[PDB]
There are 6 protein chains.
Amino acid sequence: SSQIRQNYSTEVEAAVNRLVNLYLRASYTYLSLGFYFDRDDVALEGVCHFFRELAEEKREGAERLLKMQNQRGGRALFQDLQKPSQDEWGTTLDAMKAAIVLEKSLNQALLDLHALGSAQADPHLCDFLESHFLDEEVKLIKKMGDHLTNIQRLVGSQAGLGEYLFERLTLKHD
Amino acid sequence: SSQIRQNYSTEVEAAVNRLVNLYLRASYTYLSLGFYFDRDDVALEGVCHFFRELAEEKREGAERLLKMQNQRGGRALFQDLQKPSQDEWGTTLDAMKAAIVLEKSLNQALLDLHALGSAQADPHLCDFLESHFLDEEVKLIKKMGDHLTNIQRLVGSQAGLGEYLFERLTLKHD
Amino acid sequence: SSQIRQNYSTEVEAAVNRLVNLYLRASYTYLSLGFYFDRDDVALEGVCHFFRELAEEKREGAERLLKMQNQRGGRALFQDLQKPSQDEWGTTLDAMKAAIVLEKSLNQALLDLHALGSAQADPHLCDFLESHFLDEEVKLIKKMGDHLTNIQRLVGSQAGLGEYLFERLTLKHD
Amino acid sequence: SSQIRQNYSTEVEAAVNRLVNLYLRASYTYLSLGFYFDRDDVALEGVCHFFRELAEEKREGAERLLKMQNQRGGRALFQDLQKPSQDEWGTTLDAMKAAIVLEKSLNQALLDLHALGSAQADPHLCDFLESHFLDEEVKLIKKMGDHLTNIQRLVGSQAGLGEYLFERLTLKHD
Amino acid sequence: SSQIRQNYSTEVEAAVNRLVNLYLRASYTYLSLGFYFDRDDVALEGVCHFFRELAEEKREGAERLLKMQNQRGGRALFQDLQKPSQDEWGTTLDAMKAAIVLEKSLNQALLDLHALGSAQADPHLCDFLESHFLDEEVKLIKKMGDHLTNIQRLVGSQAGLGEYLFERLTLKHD
Amino acid sequence: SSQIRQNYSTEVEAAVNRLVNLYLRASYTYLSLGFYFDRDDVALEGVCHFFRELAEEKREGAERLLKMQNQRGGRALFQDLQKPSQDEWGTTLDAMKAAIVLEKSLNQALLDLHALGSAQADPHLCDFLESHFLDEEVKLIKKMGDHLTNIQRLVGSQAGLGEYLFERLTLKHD
Ligand SMILES: C=CC1=C(C)c2cc3[nH]c(cc4nc(cc5[nH]c(cc1n2)c(C)c5C=C)C(C)=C4CCC(=O)O)c(CCC(=O)O)c3C
Ligand SMILES: C=CC1=C(C)c2cc3[nH]c(cc4nc(cc5[nH]c(cc1n2)c(C)c5C=C)C(C)=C4CCC(=O)O)c(CCC(=O)O)c3C
Ligand SMILES: C=CC1=C(C)c2cc3[nH]c(cc4nc(cc5[nH]c(cc1n2)c(C)c5C=C)C(C)=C4CCC(=O)O)c(CCC(=O)O)c3C
């Protein structure tokens, strides 16, 4: 019995350790996506950059859960990281559609972990979770939605030009 | 046939893609190691820091291979990342002994990829590899060896004090 | 027998003097290309600029081989410079397609000279060559490939607009 | 019929395109001369420098004619560049004697093109030519003459010492 | 078996330890040469300075081999340093002729050690060697050759004046 | 008879030339010592640094005797430099014990040369010697003695820890 731990349920840490593997594996899809747009036959650098910073952000979410878990008297247990679920990612459109989903998946996770953190009454969890995680997750998921409208409204006329303009003026304007 | 690729063998990229998975999985052991020393019952922060920067360095080596591979006309293929090969890591001594090895393993890899890069005559590979990889690898592997002498010469008297002094004055002196 | 020369084969310099004429004549195509886009009936200034700096870069590669050759005890022998192999260069697309090739041609040259520099064992050559030449050549040949994807994805819808946007936002964004 | 061209005779551009090839080929002799004094058995660096900047100046004259020609509605046509007319260049004296001549040759050209530009009444030509070209050409041809007096007055006593002093104190005094 | 060493052949270090003694003994000739021109009956300070900095440069090459050798798991073994092979060094001409040779001798050494470093397949050696050693060695050996042309072209008229001018204006002009 | 020399005995210079070889060979032991503590199985960097600066200091003493000797009308004659008298140097304790001695040996030399410089009446010698040499020699020999007390008082309990603390806090405190 680690002289620190208090109010930390064993399921609350089992959930934190799956969260850790979720962030690490979403971080994996993001670099998988990134180098796919650096490819010389896709050549869409604005997009690589979008995804390479996302990958970082996710590794950050991971490191932060690891740190809070050690701070509560948890035992960070690691599992292996499932490889990305597709290799060629298509259009920006399609890449972006895979993305907004990986993000409903992780927000959903936060949502379920936050709940177990309350029905199994857990005060500073039902705050550590929302302040960094729940919140950024909503901002990120709106801005991902706005991107889709935009690339859809563009890439639906003559599509190749839509992709270009979008990466040239969206990641170089706002 | 990607209009870019020239002098890049298919085995040279298969090797680069295993190198990518080697760097990613060594990056995995390093964060596994790091959070283990942030544990409140190990409490050796100097060591967490050592390993958390190493983990980064390795993710860097990875990103750099991914980037050169896309630059040669390669197809970065990803595999899943094997989980760390141990969970509790012991003493700094033992953690450090696991480390100098993960590093002979990756240097050995560089060594074999560099060789296939020449017996299958490959000019800017038999330079991209040494300038970042081969070289840092030697500096890193000496400094890891010097650490062992030091922690061995300390942690062999009354061991607990050796661990402390070493993390307090080595990661806070040189 | 020039009191300097050491380990420098006569074929290694014959190759360096063809390399010199290759760089000088690729430098020639680049200015030929450049003034063609300054033409008032092509009017695509972003492109002239692309090619006028390339022409310089190549004259640089040339001067540098001349200098290393005098540094090894070689006798720089000059030949005349073959005029560009086409006069009107078309579309940016077509101009760009002529380009990525002049560049596989010179990289191939570096590749063959580097090899003769080793099968005829030649240590500081099998380094002078890669550090400036082999390496820049790969970076240049990727970025030329990325350009093609981009102008192809644009100039394939209504083509005239593709050309315009590409020169306006690519050479004025990244 | 290019919607720009006005008062530009076809012979005025044929002359401008030979002028272009004259500047390019004089630029060729100058680098041929330059690397000859970087040779370790001539070793006269002050002189290499003299000629390497001259070579640039000439490439400049060339680029400028190309640019004015595109500005008048001309079609810049390129020809190949005749290799330098000698390989070993001797003494500074002799190198310098080859030089003052390549310069009467190009000034003579300016002189004949300027004339056709008037007997075939051509107003902004019979100014573009003198402002950059005719004028610099006189200053350059005096200073080349002054150099000859000087190296002749020196290199006529015990000659080797004359060469040395001249390159040491002339290109390092005025 | 030193826990560090990897891919380092025993002959590769035996060669590195002779290299160490070569650099140390060339460093010895250079100070032997230096104080000979500080002599009040030679009095040629520009030359002492030339050689005293060369001596340093060589001690540097030595220290650097010692450091890389300890970095590979080698055992730096020292031998005694053979005294300079002449005591009075003559003219600058003669001093300089002894020099360009001590330098073909060490470049030749680099050349042979680099080769054993490859026929006995050794990746980060066949780079540590060229980046500092092989390369500087060529630049140094050209500039030494240029000096000879110069002092020969001077010291061949009335010789005493040639020596003076050369040390006064070469080591005080470029 | 060198027109400079005055009051300089031939034995005074024979002594200065042995002094030169003493400084050069003590400079040799110091680098021999230095790289021994850079070894990855000794790993005591504070000590390498101690000895590498000592080695320099000694080369300085040497260069200074060479310079005064040329200043008096002496003929600096060189001899070869005897290799260090031991290869593995042990403990800091033992390394340090070899050191304080190489220093009584050179101070003793200064002492005997200073004496011959007076019984063979020699005014500016019986000052050049004490101002740089005799004096620094006493300061150096006290501080070497203080080090011994300290490492002895430490390395006599559990010895490995004594070595560590001493190099960590002595070369990083005062
Ligand atoms: C293969 C799946 C993974 C992906 C795609 C991934 C992606 C990243 N990991 C990063 C940083 C990092 N990743 C890190 C440990 C790991 N990262 C790992 C796996 C992944 N990490 C593994 C395995 C690790 C252990 C679990 C660490 C420690 C950092 C650096 C943190 C720091 O200190 O800056 C960055 C930041 C790059 C930059 O320069 O902006 C990315 C994009
Ligand atoms: C072989 C005959 C040639 C010689 C000797 C020559 C010499 C030169 N060309 C230069 C620059 C240049 N030369 C250039 C295009 C060419 N240059 C070429 C042929 C020659 N160019 C060819 C062939 C080209 C096309 C006609 C360009 C574009 C520049 C650079 C202009 C700029 O943008 O700075 C420079 C400037 C070097 C410096 O660093 O100061 C020299 C000396
Ligand atoms: C093998 C025995 C020797 C040892 C161990 C030695 C050690 C040294 N010699 C140095 C500098 C130097 N050593 C020098 C000439 C010699 N040095 C030589 C032999 C030795 N020199 C020989 C042989 C030389 C001629 C007698 C010179 C000229 C310098 C540099 C002086 C300057 O101009 O800075 C330095 C300074 C290193 C630094 O970066 O702080 C050390 C440690």
Side-chain angles (χ1 to χ4, degrees), chain A residues 20 24-25 27-32 34 52-56 58-60 62-63 78 81 83, chain B residues 21 24-32 34 52-56 58-60 62-63 78 80-81, chain C residues 21 24-32 34 52-56 58-60 62-63 78 80-81, chain D residues 20 24-25 27-32 34 52-56 58-60 62-63 78 81 83, chain E residues 21 24-32 34 52-56 58-60 62-63 78 80-81, chain F residues 20 24-25 27-32 34 52-56 58-60 62-63 78 81:
Chain A
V20 157
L24 250 25
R25 188 242 187 105
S27 176
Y28 211 155
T29 310
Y30 281 144
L31 160 155
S32 192
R52 271 207 55 200
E53 281 288 293
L54 259 304
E56 177 194 309
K58 298 315 218 193
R59 158 267 293 193
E60 234 75 72
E63 296 187 305
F78 299 105
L81 306 189
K83 59 161 270 206
Chain B
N21 190 267
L24 250 25
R25 188 242 187 105
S27 176
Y28 211 155
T29 310
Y30 281 144
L31 160 155
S32 192
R52 271 207 55 200
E53 281 288 293
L54 259 304
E56 177 194 309
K58 298 315 218 193
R59 158 267 293 193
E60 234 75 72
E63 296 187 305
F78 299 105
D80 49 285
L81 306 189
Chain C
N21 190 267
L24 250 25
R25 188 242 187 105
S27 176
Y28 211 155
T29 310
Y30 281 144
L31 160 155
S32 192
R52 271 207 55 200
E53 281 288 293
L54 259 304
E56 177 194 309
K58 298 315 218 193
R59 158 267 293 193
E60 234 75 72
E63 296 187 305
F78 299 105
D80 49 285
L81 306 189
Chain D
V20 157
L24 250 25
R25 188 242 187 105
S27 176
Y28 211 155
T29 310
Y30 281 144
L31 160 155
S32 192
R52 271 207 55 200
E53 281 288 293
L54 259 304
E56 177 194 309
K58 298 315 218 193
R59 158 267 293 193
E60 234 75 72
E63 296 187 305
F78 299 105
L81 306 189
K83 59 161 270 206
Chain E
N21 190 267
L24 250 25
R25 188 242 187 105
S27 176
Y28 211 155
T29 310
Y30 281 144
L31 160 155
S32 192
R52 271 207 55 200
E53 281 288 293
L54 259 304
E56 177 194 309
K58 298 315 218 193
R59 158 267 293 193
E60 234 75 72
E63 296 187 305
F78 299 105
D80 49 285
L81 306 189
Chain F
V20 157
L24 250 25
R25 188 242 187 105
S27 176
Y28 211 155
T29 310
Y30 281 144
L31 160 155
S32 192
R52 271 207 55 200
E53 281 288 293
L54 259 304
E56 177 194 309
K58 298 315 218 193
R59 158 267 293 193
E60 234 75 72
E63 296 187 305
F78 299 105
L81 306 189

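All ligand and atom numbering here is 1-based and tracks the order in the structure. Letters A, B, ... are given to chains in the order of the sequence lines, protein chains preceding strands, and every chain is numbered from 1.
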Could you go through ligand 1 and note, for every N or O atom, any protein N or O atom closer than 3.5 angstrom, writing the atom names and distance to 0.1 Å, or 'none'?
unit_1   : atom_1 : unit_2  : atom_2 : d
ligand 1 : 33 (O) : B:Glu56 : OE1    : 3.0
ligand 1 : 34 (O) : A:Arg59 : NH1    : 3.4
ligand 1 : 34 (O) : B:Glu56 : OE1    : 3.1
ligand 1 : 39 (O) : A:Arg52 : NH2    : 3.1
ligand 1 : 39 (O) : B:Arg59 : NH1    : 2.8
ligand 1 : 39 (O) : B:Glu63 : OE1    : 3.4
ligand 1 : 40 (O) : A:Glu56 : OE1    : 2.9

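Going from atom CZ of A:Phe78 over to atom CG of A:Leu24 covers 7.5 Å, rounded to the nearest 0.5 Å. Note: E:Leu54 CG to E:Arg59 CZ = 12.0 Å, rounded to the nearest 0.5 Å.
Here the closest heavy-atom approach between residue D:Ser27 and residue D:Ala55 is recorded as OG-O, 3.1 Å. Closest non-hydrogen pair, E:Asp80 versus E:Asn21, comes out as O-ND2, 3.4 Å.
Residues passing the side chain to side chain contact (heavy atoms under 4.5 Å, CB included) test with B:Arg52 are A:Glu63, B:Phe35, B:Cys48, sequence neighbours excluded.
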